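Worksheet: the structure to be examined is printed underneath.
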Amino acid sequence: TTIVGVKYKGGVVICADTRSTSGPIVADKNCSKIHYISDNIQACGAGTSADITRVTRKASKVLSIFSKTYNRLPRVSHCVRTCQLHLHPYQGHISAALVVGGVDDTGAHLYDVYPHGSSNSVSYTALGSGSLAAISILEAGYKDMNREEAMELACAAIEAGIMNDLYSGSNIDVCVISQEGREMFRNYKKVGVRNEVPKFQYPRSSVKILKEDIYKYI
Amino acid sequence: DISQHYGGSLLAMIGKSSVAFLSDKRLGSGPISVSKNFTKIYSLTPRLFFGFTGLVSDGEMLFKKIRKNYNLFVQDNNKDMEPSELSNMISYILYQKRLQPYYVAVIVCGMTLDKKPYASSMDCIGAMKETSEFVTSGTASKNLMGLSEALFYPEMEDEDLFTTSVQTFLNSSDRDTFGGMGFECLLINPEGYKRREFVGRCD
Amino acid sequence: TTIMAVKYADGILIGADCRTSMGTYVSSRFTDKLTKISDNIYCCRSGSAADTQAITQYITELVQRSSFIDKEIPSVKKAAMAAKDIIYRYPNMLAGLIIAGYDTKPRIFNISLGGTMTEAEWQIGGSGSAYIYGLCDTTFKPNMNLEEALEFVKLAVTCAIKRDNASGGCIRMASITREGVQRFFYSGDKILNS
Amino acid sequence: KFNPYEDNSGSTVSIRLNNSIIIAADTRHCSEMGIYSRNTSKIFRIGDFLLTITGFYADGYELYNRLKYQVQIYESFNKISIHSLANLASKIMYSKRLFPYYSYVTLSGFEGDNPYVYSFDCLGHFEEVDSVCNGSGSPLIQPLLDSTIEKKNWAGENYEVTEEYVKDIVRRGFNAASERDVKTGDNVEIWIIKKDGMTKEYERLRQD
Amino acid sequence: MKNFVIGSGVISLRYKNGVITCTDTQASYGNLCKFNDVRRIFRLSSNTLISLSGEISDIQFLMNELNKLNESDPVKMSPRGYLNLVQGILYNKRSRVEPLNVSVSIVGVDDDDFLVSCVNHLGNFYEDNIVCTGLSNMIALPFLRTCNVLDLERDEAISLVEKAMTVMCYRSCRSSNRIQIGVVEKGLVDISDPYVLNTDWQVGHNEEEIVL
Amino acid sequence: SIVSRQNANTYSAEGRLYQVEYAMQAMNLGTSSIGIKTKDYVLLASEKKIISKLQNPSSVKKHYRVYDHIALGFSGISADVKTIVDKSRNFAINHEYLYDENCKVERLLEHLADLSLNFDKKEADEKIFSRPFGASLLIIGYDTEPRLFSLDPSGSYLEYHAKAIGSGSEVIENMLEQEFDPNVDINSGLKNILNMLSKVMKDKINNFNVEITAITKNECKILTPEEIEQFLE
Amino acid sequence: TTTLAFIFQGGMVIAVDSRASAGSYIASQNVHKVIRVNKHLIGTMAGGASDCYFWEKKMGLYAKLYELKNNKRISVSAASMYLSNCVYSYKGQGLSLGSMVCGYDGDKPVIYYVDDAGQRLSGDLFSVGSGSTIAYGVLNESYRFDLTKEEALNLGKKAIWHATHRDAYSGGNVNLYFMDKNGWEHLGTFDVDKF
Amino acid sequence: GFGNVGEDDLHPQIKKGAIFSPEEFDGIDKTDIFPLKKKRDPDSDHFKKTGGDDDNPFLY
Amino acid sequence: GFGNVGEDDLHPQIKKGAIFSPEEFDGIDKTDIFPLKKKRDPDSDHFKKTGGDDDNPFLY
Amino acid sequence: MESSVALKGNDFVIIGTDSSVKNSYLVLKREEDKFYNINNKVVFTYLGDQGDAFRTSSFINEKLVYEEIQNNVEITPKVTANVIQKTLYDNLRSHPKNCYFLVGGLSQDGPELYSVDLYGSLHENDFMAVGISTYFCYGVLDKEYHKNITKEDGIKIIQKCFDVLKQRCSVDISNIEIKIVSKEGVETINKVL
Amino acid sequence: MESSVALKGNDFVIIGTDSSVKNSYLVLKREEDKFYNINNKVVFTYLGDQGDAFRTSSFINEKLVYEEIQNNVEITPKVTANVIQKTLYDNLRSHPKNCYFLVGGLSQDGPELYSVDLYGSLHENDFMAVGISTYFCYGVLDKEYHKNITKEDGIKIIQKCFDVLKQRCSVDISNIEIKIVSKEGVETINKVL
C-alpha cells in the first residue's frame with residue numbers, strides 16, 4: 001500500500017490506496033486504510049491490518065474519553081504518545097506503522113509512527129510498499145502549499161505508488177484535516193480502471209441437489 | 001500447516017436479497033480424510049451463520065465462545081445481533097489472543113435486521129474484510145477467489161446465485177487436493193435458509 | 001548519525017545531522033536529533049530509535065518532577081543519572097545518550113549503551129563519530145568562544161557527513177547558555193556543494 | 001544463501017480446440033515488489049510451434065535458445081515434429097535436474113492436422129493436455145477453463161466451444177487474474193494457431 | 001558473492017533522439033564512503049555505452065572481459081550485440097553459482113534503433129525506455145516514469161535525469177551528488193566529466209534557527 | 001603414437017588418402033550381396049561365407065538389426081562390422097532418447113560418415129577405429145519410404161535404388177541394367193534378387209547358404225529357410 | 001499417488017490413480033503413471049514424476065538395446081536392476097522415486113519393487129504411494145493367490161478406488177492393467193466418480 | 001540436490017508433490033511497511049562495537 | 001533443566017550416568033598455541049565492513 | 001501411534017483398542033485396560049502418552065461423576081466428548097497433553113461415537129480409526145461397514161481392521177480389547193488376533 | 001535393527017535371521033532370503049539397508065567366486081569375512097554402506113563364525129547376536145549356550161532368542177530363516193515363531 005501524508009499551511013492531507021493483499025493474491029478492493037481517531041485527527045497505517053485497527057482504536061478510545069471528560073479536543077501529540085506507549089512494550093510484535101495527522105490548538109501536525117514505538121514529526125510522509133515510489137514524488141514536488149496544491153501532490157504521490165508498486169493499486173482515498181474540520185474523499189480517483197467484462201451464466205440444470213432442508217426465521 | 005492438516009474451504013457469495021454460504025464436508029488428518037460429513041458452518045440463528053477454516057478445535061471452541069457471547073448479548077438487548085456486530089465481536093474475540101492467536105480464518109454470513117444480505121471474513125487475529133461481492137477462505141481460497149471474480153456479477157437472483165456459487169465451489173475443490181467431495185450450501189434469505197448438500201467427483 | 005557536544009566559553013553547543021535511515025534508504029532527511037529534555041537540558045539520542053525516545057520521554061518528566069520538588073532549575077546531572085538507571089536496568093533497550101545542559105554551569109554527560117555514564121568536556125556519538133575522533137582530538141581547544149566552537153562542530157560534523165553514509169543532511173546546532181537556548185542551521189547546500 | 005532465481009511469472013494459458021490452439025500470456029515482466037517492464041513477450045515461436053515461458057525469465061530464455069539450437073541442428077534433414085520437440089525439451093530440462101530451470105514451459109503446435117499442447121514442469125516431465133495454465137495466476141484461471149471450456153461439473157447441456165467463445169473466456173480469465181493476481185500483467189498477448197498458420201493479437205489489462 | 005565495495009544505482013532513459021545514462025561516482029565500503037571518484041560509465045564502442053552498478057571488483061572484472069572481447073573480435077557489434085554478450089556472460093556466471101554482484105545497463109543507438117536495456121546479477125534482462133538499477137529502481141524510476149521521456153530534447157532529458165539523481169542523493173545513503181552523464185546520439189558518444197549536483201535543504205527549518 | 005597417426009592421415013600424390021585407397025581394396029574381398037529398393041519394399045540378399053559345413057549355418061548370419069526397421073548388410077572385413085553395428089545401435093538409441101522417434105536412415109548414414117574418418121582423434125567414443133573400416137555396408141531401413149544406403153570406407157555414402165557389394169559386385173551391377181525394374185511385386189523382385197545372387201555366388205544357391213532381409217512399411221521381415229525355399233523353388 | 005501390483009494364479013494385475021499434484025493445487029488429473037517398455041514389461045512410476053519417468057524411459061531404452069543385441073527379451077530382474085543401479089548412483093542426493101517393474105520372464109510373473117534408496121524387492125503384492133497404506137488394507141482382507149481373473153481385476157480396481165476415496169494425493173482415473181504370459185492389456189481408465 | 005520431489009506423493013506421511021511447485025525456488029492479513037525486504041523502522045544508528053575479544057570476555 | 005542425569009544409566013541406548021560427573025558443568029595430542037582460548041595466529045587487522053544492507057544486497 | 005477402531009450400529013457402539021503398552025523399543029505390557037465406563041451408557045478410550053493419557057482420563061472420569069452427582073448433568077457421549085475437548089483445549093496452547101480419545105455410548109438420539117484428537121478437535125462419524133489405523137483401516141471400514149451391521153458383524157469388522165495392522169504394520173500388536181456399549185449394558189471382549 | 005542370531009557348536013554353525021523385510025511403518029515382505037551360500041562350506045547373511053546390503057552381498061559373492069575360480073583362493077569363513085571387512089572399510093570414509101554381516105561356515109580349523117559390523121569391525125565368537133538381538137538375546141545365549149550343544153539344541157537356542165524378540169521387542173517379527181552349515185552341507189529351516 002501507499003498511504004501518504006502531506007502537511008500544508010493550515011492542515012494535513014492523508015491519502016492512501018484502496019488495496020489489501022496477502023501474498024501474491026489481492027484480498028480486498030476499495031479497502032479504507034484511513035482510520036478514525038478524532039474529529040481533528042486521522043491515522044493511516046501499514047502492516048498487520050488487525051494491529052492498525054486495534055492500535056488506532058485504542059488511540060480513538062483514549063482521545064474520546066479525554067475530550068469527553070475535559071471538553072477539550074485532543075492534541076496529535078496525545079494520540080502519538082498513546083500509540084508509542086502501546087507499541088513499544090511489545091517490541092514491534094504488534095507490527096503497526098501509522099501516519100497520524102491532525103489539527104490542534106497548536107496547528108497542523110503530521111507524525112510517522114513505527115512498529116517499535118518511535119515517532120517523528122514530519123512535513124510529508126509516505127508509508128507502505130509504495131512509499132519509495134511515493135516519496136520520490138514528494139521529494140520533487142513538495143514545497144509550502146495550500147490545501148489545493150497539497151491535495152494534488154499527495155494524489156500524484158499515491159498515483160506513483162499505485163502504478164509502480166506491485167502490492168498497491170485500485171483507488172485513492174483522501175482525507176483533509178484543516179482548521180475548518182475534516183473532509184473525506186473516498187475513492188477520490190479510479191486510476192486502476194478495470195475492463196467492462198460481460199456476464200456469464202450457467203444453466204440452472206448444471207447443478208444437482210442431493211437433499212434439501214428448509215429452515216424458517218421467526 | 002495446522003490449517004492444511006484439516007483442510008477445507010469456505011465460500012460466501014452475496015446476491016440480491018440472498019447470501020450463498022457453502023463449504024466442503026471433508027475433515028482431514030493430513031492426506032487422509034477422516035470424515036466425509038464434517039460441516040464447518042455454524043448457525044446461531046436462521047439469519048446468523050459463520051464458518052471456520054484452520055484448526056478444527058479452535059473453530060469449535062470459538063463457536064462455543066461466540067454462542068456464549070451472542071446469547072448474553074441477546075438477553076441484554078432483546079434485539080437480535082446484527083451480522084456486522086457479530087463479525088466485530090468475533091474479531092474482538094480473535095484479537096484477545098494476539099500473542100497466541102487462533103489458527104483459524106472465519107467467515108460470517110447472515111441477514112441484517114433490515115433483511116439485507118451480509119458477508120465478511122477475518123484472519124487469525126480479526127483483521128476484518130466486510131464484503132459486498134464475495135469472500136473465501138481455506139485451502140481452495142485462491143481458486144475460489146479467481147473463479148468467483150471471473151463468474152460473480154452483482155445482484156444475482158437466489159437460484160442463479162446458488163448455481164453460480166455451487167459451480168465455483170465445485171470447480172475450485174476439483175483443483176485442490178485437500179478439497180472435499182461432499183459439499184453443503186446454505187442459501188440464506190430473509191425468510192430463513194435452505195441447507196442444500198451436493199456431491200462432486202467422489203474421490 | 002553524527003551527534004556532537006562541545007563545552008565552550010559560556011555554555012554548551014550540540015550539533016547533529018538530520019538523516020535517519022533504514023538500510024540504504026533514507027526514511028527521513030529532516031529528523032530532529034536534538035531532543036529537548038527541558039528548557040535548559042538537551043539530549044542527543046543515539047541507538048535504537050524507539051528505545052531512546054522512550055527514555056527521553058521519561059527523563060523529561062522525572063527531571064521536571066524533581067525540579068519542582070526541589071524548587072530549583074532542572075539539573076542536567078539528575079537527568080543524566082535518571083537516564084543511566086533506565087539504560088542500566090533494561091539491557092534489552094539499546095540506548096546511548098549525550099545529555100548536555102546548563103543548570104549552574106555547562107555539563108556534558110555521555111551514557112553509553114550499557115549505562116556507562118561519564119562527564120566530558122566534549123563528546124561525539126553515532127555511527128559517523130567513528131570518522132572524526134582524530135579530527136576532534138587535534139582540533140578541540142579548551143574555552144572556545146561561540147564562533148570558534150561553532151566552527152569546530154561545523155567542521156567535525158561536516159567531515160563525518162562526507163564519510164558516513166548513515167549521516168547526511170544539514171547540521172542542526174543548538175547552543176544552551178545561561179541566557180537560554182539558541183538554535184542554528186548549516187544547510188546541506190553549503191556542505192554538499194562545498 | 002545465493003538465490004539463483006527470480007519469480008517474474010505472470011500467467012500463461014494454452015488451450016487446444018478441435019482445429020485450433022489458443023495461446024495467451026501477460027506481457028508484464030515483474031521484479032520483486034516492482035515492475036521491470038510491461039511489454040516483455042513470454043511467448044516464443046519455433047517454426048510452426050509456439051513456446052510459452054514463465055518463472056525466471058532468464059532461465060526460460062536460455063531454455064528457448066537451447067531448444068532453438070537443438071532444433072536447428074536436427075532440421076538438417078527434416079522438420080521436427082511437435083512430439084519430438086516436446087521430448088527434446090523434456091530431456092534438456094532434466095539435464096538441469098540438480099540446478100533446474102525455473103520456467104514452466106508449454107509447447108504447442110500442430111502435428112499435421114491435429115493440434116497438440118504439451119505442458120512441462122521445472123524438472124522436465126511433460127503431459128499432453130487440453131488446457132493448461134502456468135505462472136502465479138494458474139490457480140486463478142485453471143478452474144475457469146475446467147468449468148467453462150472442459151465442462152467439468154456441468155451436469156446439463158454444454159455450450160458449444162467455438163474459437164471466439166474460447167477467446168472471450170480467455171480474456172475473462174485474464175481479467176480475473178489481473179484483478180486478483182498481483183503479478184499478472186498489463187497486456188495479454190493472444191495467439192491463435194491454426195493448421196496452416198498463426199496470428200497474434202493484443203488486449204489491455206488493468207495496469208496497477 | 002562479493003559485497004565489499006558497492007557502487008550505487010544506474011539511470012538510463014531514451015529521449016527523442018538519443019539515450020542517456022547517468023551514475024554517481026561514489027563507492028561505499030559498508031557505511032563508509034571510501035571512494036568518491038569511481039567512474040562506472042564506459043563506451044563499449046561508437047554508438048554504445050555501458051554503465052554498471054554493484055560490487056566494484058565485479059564491475060572491473062566484467063569491463064575487463066568486455067574490453068578483451070572487444071579488442072579480440074574483428075567484427076563490430078551493435079548495442080543489441082553487446083546486450084546479448086553481457087547477458088550471456090552474467091547468466092553463465094550465475095549458472096556456475098559464481099555470480100557477479102553487478103547490474104548493468106547497456107545503452108546505444110543503432111542505425112535507427114535506440115537500445116536502453118538492463119541486465120542484473122542473475123542474467124535476467126529487459127529493455128525499456130527508462131531502466132534503473134538498484135534502489136534507483138524503486139526511488140528514481142517511479143519519478144522518471146511520470147514524464148513522457150520520448151518527447152524530450154537532450155537538454156530536457158539531462159535536466160530530468162539530474163533531478164532524478166538529486167532525489168536519489170536525498171533519499172539514498174549510498175548515492176552522492178557527484179554524478180556522471182553519458183549520452184549517445186546518432187553520431188555522438190559523450191561521457192561528461194563528473195560534476196556535482198546542487199541541492200537545497202530549506203524544508204528542514206522548523207521555527208527560528210539562525211541560518212549559519 | 002604420432003608416427004602411426006601420420007601414417008593413417010598421409011595423402012597420396014593423387015589426392016585420396018592412402019588408407020582409404022587400401023580400404024577400397026579391402027571392402028571388395030567378401031561374399032556378394034544385393035540390395036533392391038522400390039516404391040514399397042527394400043530387399044537385402046547376401047551370400048553366407050560358410051568356411052566349413054561344420055560351421056553352424058544359423059550362427060554365421062550376415063545381416064544385423066541396428067534398430068526398429070533398419071538392417072545392415074556388409075562386405076569385406078567382417079571383424080570391423082561388429083563395432084559399426086554396435087555404434088549404429090547406440091546412435092539409434094540415443095536418437096530415440098532425444099526425439100522419441102525412429103531416426104531417418106540418412107541420419108544414421110551421416111552419423112557413421114562423420115565417425116568414419118575421425119580416426120585421427122584421441123577421444124574414444126567419436127571414432128570408429130584408428131583406421132578406415134575394411135567393410136562396405138548396405139544399410140536399409142524404413143522411415144517414411146523404403147531406403148537403401150551404401151556406406152563405403154572412404155566415409156561417403158549414397159542412396160541407391162539398387163546396388164551390389166562383394167567380390168561379385170561388378171558382375172551384379174552390369175546385370176542390374178537388365179534384371180531390375182522397380183515396378184514389380186515383392187515376391188517377383190525377391191525371386192529376381194535370388195537369381196542374381198545365384199548367378200555369382202560360389203556354390204549352388206539354397207535356403208541355408210542365403211540370408212534375405214526385406215523391410216516394408218508393415219514389417220521388418222527376415223526370411224527363414226522355409227520362405228527362401230518357397231522363393232527359390 | 002497410489003499404485004498397486006500383485007500376482008495371482010491367472011496372471012498379474014496393475015492399477016494406478018492418475019492424479020498429479022503440486023502441494024494443494026492439483027496440477028493434472030490424467031497423468032499416465034504406467035510406462036510400457038515392451039509387451040511383457042511395464043513400470044508403475046510413483047514419486048517425482050520427472051524423476052521416475054526419465055529413468056523408466058532410460059530403462060526402456062536399455063531393454064530395447066538389449067533386445068537388439070541378443071535378439072531376446074530382457075528379463076525383469078535385469079530391467080529392474082538397471083533401474084535400481086541408476087537411482088542408487090544418486091543415493092543421498094534427495095532423489096525420490098518408487099516403482100514396480102512388472103513383467104514375465106517366460107512363463108513366470110515377477111514384480112520388482114524399486115525405490116530411490118537403491119532397494120529392489122521381488123514379491124507377489126506391492127502398493128506404492130501416499131495411498132498405499134489404504135490399498136494394503138483393502139488387499140490384505142481379500143487378496144488371494146487363487147483369485148479368478150475377474151475377481152483379481154475388481155480387487156485391484158476397488159483397492160485403488162478406496163485409496164483415492166480417502167487420500168488427498170490421488171483420485172484421478174483408475175488405470176487398470178492385466179499382464180499375462182502373452183503380454184499386458186490396458187483394461188480401462190475408469191473414472192473414480194462413475195463407479 | 002534432487003529436492004525430495006514427490007516424497008509426500010510417494011509416502012503416506014506417517015509438501016513435496018509429484019510435480020515441482022514454484023515455492024521450492026501465514027494466515028494473517030499483513031502488508032509491508034516498506035518495500036525493503038524485512039525493514040520496518042529506522043536503523044539503530046549508534047557506534048557499533050567491534051574488535052576487542054569476544055572469545056575471552058573476562059580477560060579484561 | 002534437570003540435565004537428563006542418568007538417562008544412559010536408565011535406558012539401554014537402543015554420557016548420562018547415575019551420578020553427575022565433573023566438567024559436565026579428541027584423540028589427538030593437541031595442546032595449545034596460546035593461553036587465550038581460541039587464538040592461534042595474529043588477528044585479521046583491517047577496516048571491517050559494517051552497515052549498508054545485508055537483507056537487501058541487490059538494492060544498490 | 002496406538003491404534004483404536006470403533007464402529008456404531010443402529011443401536012450399539014463398538015470400540016476396539018490395542019491393549020499392549022509399548023515404548024519405542026520395548027513392550028512393557030500386553031493387556032492394559034484403556035477404557036473408562038460411565039453409568040454403563042458411555043465408554044471412552046484414551047490413547048497417546050500414557051502418563052498424560054491416564055491422568056487426563058482420570059480427571060475426565062472424576063469430573064463427569066462429580067457433575068452427574070452434584071449438578072445432575074446427563075452424561076451422554078456428546079457431553080463426555082465436550083468435556084474431553086475442553087480439558088484438552090485448555091492445556092493445548094500452554095502445557096499440551098499428548099493424548100487422544102474415542103468416546104462412544106448410547107444417547108436419547110441413539111448411538112454416538114466421538115473422536116477427540118491431540119488438539120481437542122471433536123467430530124462424530126459412523127466409524128473411527130485413530131492411531132496408525134487412520135492410514136490402514138479406513139479402506140477396510142469403507143469396504144465393509146454399512147448402516148445395518150449387526151453386533152457380530154461389527155466385531156468381525158474390528159477384527160479385520162486390526163488384522164490389517166497385524167499383517168502389514170511394522171509395530172507389533174497382539175491383543176485388542178473390544179468394549180461394546182448397548183442398551184443392555186457394556187460387553188467386553190478380549191482377542192489375541 | 002534387523003535382527004540375526006548365530007551360534008556355533010562342534011562341527012556345525014547355526015545362523016538365524018528374520019526373513020521379514022520392513023521399513024519404519026510398513027512390512028514390505030515377510031519371507032525374504034537374506035543368506036548367501038558362496039560354497040556349501042560357508043554361509044553369510046547380510047543385514048541393514050537392503051539397497052546397500054544386497055548390493056554389497058552380490059559384489060562379495062561374485063568376488064569370492066572369481067577369486068576361487070581364477071586364483072584358487074580357499075573360501076573359508078575367515079577369507080569371506082576379511083573380504084566383507086575390506087569392502088565395508090574401503091567405502092567407510094567416502095561412501096559408507098549402512099549394512100552389517102554375519103559369516104559362518106567350516107574351515108580346516110573347525111567351525112568359524114564372524115561378525116562384520118557397520119564400520120567393518122571383524123571379530124570371531126562362539127555366538128553372535130546382531131541387530132536388536134545384541135540388547136535382548138545375549139543373556140539368553142549366555143544362559144543356554146555351551147560348547148557341546150547339539151544341532152537341535154542350537155536350533156532351539158536360536159528359537160528361544162527370537163522368541164525373546166517376539167515377546168519383548170516392539171517391532172514385529174514373524175518369520176526366521178535358519179541355515180545350518182556343517183560337513184553334511186547347508187540345511188535350511190523356516191520357522192514362524
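Chain letters run A, B, ... following the sequence lines, proteins first and then strands; every chain starts at 1. In what follows, every heavy atom counts, from backbone to side chain, and hydrogens, waters and symmetry copies are set aside.
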Please output the residues of residues 36-65 of chain B in contact with chain A, using a heavy-atom cutoff of under 4.5 Å, in numerical order.
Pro46(B), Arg47(B)
If contact means a heavy atom pair closer than 4.5 Å, which residues of residues 99-135 of chain B contact chain A?
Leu99(B), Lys115(B), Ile125(B), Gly126(B), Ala127(B), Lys129(B), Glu133(B)
How long is the gap from CG on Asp51(A) to NZ on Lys58(A), to the nearest 0.5 Å?
13.5 Å
Top contributor to chain A interface from [options] [non-hydrogen pairs under 4.5 Å]:
| options | result |
| --- | --- |
| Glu191(B), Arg195(B), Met156(B), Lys194(B) | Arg195(B) |
| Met145(B), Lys142(B), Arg98(B) | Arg98(B) |
| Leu151(B), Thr136(B), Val166(B) | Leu151(B) |

Engaged part of [X] at the chain B interface, taking heavy atoms whose separation is under 4.5 Å:
| X | value |
| --- | --- |
| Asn30(A) | neither |
| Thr48(A) | side chain |
| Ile25(A) | side chain |
| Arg57(A) | neither |
| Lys216(A) | both |

Side chains of [X] and [Y]: is there a donor and an acceptor less than 3.5 Å apart?
| X | Y | answer |
| --- | --- | --- |
| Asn120(A) | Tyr114(A) | no |
| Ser18(B) | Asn189(B) | no |
| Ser173(B) | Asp24(B) | no |
| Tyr70(B) | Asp80(B) | yes |
| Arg54(A) | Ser91(B) | yes |
| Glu180(A) | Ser178(A) | yes |

When only pairs under 4.5 Å are counted, which of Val197(A), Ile214(A), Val26(A), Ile52(A) shares the most heavy-atom pairs with chain B?
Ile214(A)
Of the listed residues (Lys208(A), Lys29(A), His93(A)), which shares the most heavy-atom pairs with chain B below a 4.5 Å separation?
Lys29(A)
Is the shortest heavy-atom distance from the side chain of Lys33(A) to the side chain of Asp17(A) under 4.5 Å?
yes
Can you check whether [Y]'s main-chain N or O pairs, donor with acceptor, with [X]'s side chain at less than 3.5 Å?
| X | Y | answer |
| --- | --- | --- |
| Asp176(B) | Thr139(B) | no |
| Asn164(A) | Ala160(A) | yes |
| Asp165(A) | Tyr167(A) | yes |

Salt bridge (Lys or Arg N to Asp or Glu O under 4.0 Å) between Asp203(B) and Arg201(B): does it pass, once the steps are laid out?
CA-CA 5 Å; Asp203(B) 82 273; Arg201(B) 211 196 283 118; 2.8 Å; yes
Are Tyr202(A) and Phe200(A) an aromatic pair, judged by ring center distance below 6.0 Å?
yes
Sorted by chain and number, sequence neighbours left out, side chain to side chain donor-acceptor pair (under 3.5 Å) with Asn69(B) holds for none
Applying side chain to side chain donor-acceptor pair (under 3.5 Å) as the test, list every pair that has at least one member in residues 153-167 of chain B; sequence neighbours left out.
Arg204(A)-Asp160(B), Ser206(A)-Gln167(B), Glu159(B)-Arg196(B), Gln167(B)-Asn171(B)
Which bit of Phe162(B) is near chain A, if near means a heavy-atom gap under 4.5 Å: side chain, backbone, both or neither?
side chain
